[PDB]
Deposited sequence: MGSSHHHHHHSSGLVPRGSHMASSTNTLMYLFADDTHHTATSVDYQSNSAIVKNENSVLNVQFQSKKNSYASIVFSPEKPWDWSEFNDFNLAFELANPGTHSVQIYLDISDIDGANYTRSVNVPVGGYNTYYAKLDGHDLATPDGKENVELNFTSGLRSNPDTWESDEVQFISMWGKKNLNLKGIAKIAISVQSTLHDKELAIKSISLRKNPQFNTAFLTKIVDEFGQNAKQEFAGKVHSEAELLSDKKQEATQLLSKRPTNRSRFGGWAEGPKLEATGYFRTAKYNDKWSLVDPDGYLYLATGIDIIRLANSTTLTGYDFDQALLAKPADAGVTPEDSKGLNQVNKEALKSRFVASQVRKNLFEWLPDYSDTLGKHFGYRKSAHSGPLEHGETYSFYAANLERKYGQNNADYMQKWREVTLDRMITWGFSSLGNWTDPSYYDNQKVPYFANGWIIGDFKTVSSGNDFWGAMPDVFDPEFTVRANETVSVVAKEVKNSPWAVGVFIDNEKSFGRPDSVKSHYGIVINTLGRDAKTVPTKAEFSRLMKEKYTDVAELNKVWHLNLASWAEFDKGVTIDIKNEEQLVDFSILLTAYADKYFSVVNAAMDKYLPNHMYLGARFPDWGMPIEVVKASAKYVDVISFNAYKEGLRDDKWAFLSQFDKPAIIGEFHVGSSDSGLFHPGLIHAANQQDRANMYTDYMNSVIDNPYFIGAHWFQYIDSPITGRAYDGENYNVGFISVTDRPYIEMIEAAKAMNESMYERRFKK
């Protein structure tokens, strides 16, 4: 229907008409965004159809798999983003449901009918689009390290096949696996678990090899000063860490070495137990009684979002498999899991345990670890206009900051094994997408009472410093304020004024400076010998003012970047600070895991997954500012979604049945082996 002829344009992509087939060469090596956009004469009207799907006949004659983004926009202005991986090879059909069929508490659901076809993964945006007027349909590739290609043979709208009413019925086995689907590494019997443990014990290393120091550093590199703690240095023209014995060190590893995130909502909410959600309940074949052995794995989630529950009861199939696998005959399965986990990292060559490692691990003297704290309190707050952020100028913020960091110190006990502390994570500092996005904190704060809003009170001060008289501001901001007292009370800014931006930038820096000074001070008080690794900025939300402010205080600037790699264009700005950086989170996933959601970055298969992993880690290693990266996370998200937000991604280095993804492991081992020599030699 839509193509077999339709008008289109391209953005950093050569399009050739070879037969009926659009060959798209995405110029994605050079350009961080590349696309072919399908725009008709008059905005498509699909009012006349119901219960239907948009289908693409896609091949990939390239030499890398392509994660394509499907963007469908309105005459109305709303947009929804979908994504899928197109493997190197011939044609498959990719479809997206636009109306009907599918609430379940899963970020991505099973298909609503059986096929050999591939459904796009729903990512973000406004789902319920305006079918009456569809402006554009864009296929884009974003933030790759390689040119990508796509062959489009046909685009069409199709009537959805017959609904499967049991698509959410017993999709989980008693092991937490995809019940209805076979997949690589699927456990069929409990005896497989016991058999795994025995086999794995054979291959597991105990100690670091002789080409690694005891702290996991470069035993054959230079020998810098031994401070007895992890620290930063420059060797040649590249940033490095230094281990406590003065060997060079780069941070590789895995986050969430803990069970806190491996639980899923059962649908129940002890003598007052009730089914709060029938749909949740029916997902799983097996859920034990509280009097059962494996009933030990029942938890409760106070707060839950994006699902048919705001609270309720949880179960952890991974923790259950741990008991099954390591807790034979009353054995301390937790302790055994920790010992296996430590050995795995040695064996895989990981130099550290990542963020959100369980305090259980902190007194270990085998593998280094990263510690963390969240700053929570009843202190006053500001808003990015949309996320609630700390009023960093409230004295109550320093009070809680100190207690937060103090807590961590007691966990760490001044151990050289602690590489450093993360404080907070992806705070809502603002997104530099527009004025409103960039300076939401400033804009929202400026219309609040200086008398009651400490952050605003500092804004007042700084602006008095620069402007002296309020009439002189009235010029630049193009406003008609009466007095510094009215300003102090609250100002509604002119969204379109450009001259005030220079000031907004002062105010955002000022807010950020206080944030990072407070936390830096707290670290000085409680863990003075340890590095402070920042606040883990998301690459989608890292205003330059916030980064700049952090550079004065942190030992290492942390970012999370869920991309195919660290592109030169994207990270060039780091050269203005000359500071070392770490990636707190990254991952690749694939649907061949039997999960319903590959995650944020998509590969063709486990082997592609590992190869893309290698490409990302190579980009980290070859970047002169970056000193490491941590994989998110250790364990696959539960197939029915983690209890907090329904996230059900293939993010695990191991599956729910405590089986390492083999291909990932071998990429990991390779990468860790050659990392020091690649960077420095």
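Gaps between the deposited sequence and the modelled coordinates occur at 1-35, 40-41, 140-153, 321-349, 467-469, 765, listed in sequence order.
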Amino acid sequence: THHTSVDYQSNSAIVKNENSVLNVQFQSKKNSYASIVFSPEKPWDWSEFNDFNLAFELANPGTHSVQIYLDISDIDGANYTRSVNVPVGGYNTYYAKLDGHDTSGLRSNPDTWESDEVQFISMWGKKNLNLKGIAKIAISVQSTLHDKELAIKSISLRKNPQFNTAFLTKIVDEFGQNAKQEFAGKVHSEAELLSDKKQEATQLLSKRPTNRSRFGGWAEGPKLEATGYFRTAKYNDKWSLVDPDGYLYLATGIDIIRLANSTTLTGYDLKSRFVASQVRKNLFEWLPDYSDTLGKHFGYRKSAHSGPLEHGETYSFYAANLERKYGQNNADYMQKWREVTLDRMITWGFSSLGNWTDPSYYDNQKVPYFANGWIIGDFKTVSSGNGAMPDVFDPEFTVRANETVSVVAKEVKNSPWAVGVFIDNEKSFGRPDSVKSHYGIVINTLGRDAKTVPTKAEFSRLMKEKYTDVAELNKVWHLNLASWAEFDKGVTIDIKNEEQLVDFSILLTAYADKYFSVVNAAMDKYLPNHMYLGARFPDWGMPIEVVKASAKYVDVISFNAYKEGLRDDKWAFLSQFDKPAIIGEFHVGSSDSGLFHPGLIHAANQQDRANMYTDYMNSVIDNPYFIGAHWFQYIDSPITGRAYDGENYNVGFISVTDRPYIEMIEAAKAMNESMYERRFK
From here on, numbers count along this sequence of modelled residues.
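Taking the PDB entry as given, 121-129 carries the higher mean Cα B factor of the two stretches 425-433 and 121-129. The deposited model assigns a higher average Cα B-factor to 326-334 than to the other stretch when 326-334 and 506-514 are compared.
Between the residues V141, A471, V554, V84, it is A471 that shows the highest Cα B-factor in the PDB record. Across the residues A78, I254, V546, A418, the deposited record lists the maximum Cα B factor for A78. Ranked within its chain, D363 lands in the highest third, by CA B factor from the PDB record. The PDB entry assigns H630 a C-alpha temperature factor belonging to the lowest third of its chain's modelled residues.
Ranked within its chain, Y95 lands in the lowest third, by CA B factor from the PDB record.
Sort the chain's modelled residues by C-alpha temperature factor and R158 lands in the highest third, per the entry. Sort the modelled residues of the chain by CA B factor and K669 lands in the middle third.
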